[PDB]
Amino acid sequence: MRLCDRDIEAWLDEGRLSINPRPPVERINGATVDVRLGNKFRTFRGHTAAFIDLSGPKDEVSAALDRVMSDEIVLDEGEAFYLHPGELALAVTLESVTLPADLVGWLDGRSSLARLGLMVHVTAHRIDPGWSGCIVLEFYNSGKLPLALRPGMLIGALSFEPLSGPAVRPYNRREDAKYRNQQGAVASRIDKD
């Protein structure tokens, strides 16, 4: 059961669900709230490494991720991020989202974006109960034309689903959770497994 727009407004009103800054009524409809693009981005630099060993020694994985991730890219005013066909980039939503333990959220892209080849995630769009933070985005342009992305644009949408009950281990209270306190285009923390 997804929350319809009126119920999202009420959960936002009771305050155990928070989205900061809260999108206006124009941006809450049907069963979704729209989200916008922030100004933090990351690209990859392959020429430093042959591969990343997802399960190799923790220490060596940490080194690798550091050699292939650029530092965080912040665009100056009026500047766009040019997302080219075939070139994965990280970003973040403008909004920070905080979910109570009895709710899960799901991120969609936008049909208007899909129709130009823009994926907003890479088969990982689940915002967990306990989640608090901005939501990281994995952009892939599967299209034929580069796309200029500007901070501020409508980039995705969130739907919300009350759970059968309060999660007994929500994200915020879980010791090996990787991304609590998320805020920019944070790179993979696969080396934490």
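Quick note: we count residues from 1 along the sequence shown, nothing fancier.
| field | Between the two ranges 56 to 64 and 29 to 37, the one averaging a larger CA B factor in the entry | value | Averaging CA B-factors over each stretch, the winner is 56 to 64.
| query | If you average the Cα B factors in the entry, which is higher, 47 to 55 or 127 to 135? | reply | The recorded data point to 47 to 55.
| If you rank every modelled residue in this chain by C-alpha B factor, which third holds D5: lowest, middle or highest? | Lowest third - that is where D5 ends up once the chain's C-alpha B-factors are sorted.
| query | Looking at the C-alpha B-factor of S70, is it in the lowest, middle or highest third of its chain? | reply | CA B-factor rank for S70: middle third.
| said: Among the modelled residues of this chain, does the Cα B factor of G152 put it in the lowest, middle or highest third? | reply: Ranked within chain, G152 CA B lands in the middle tercile.
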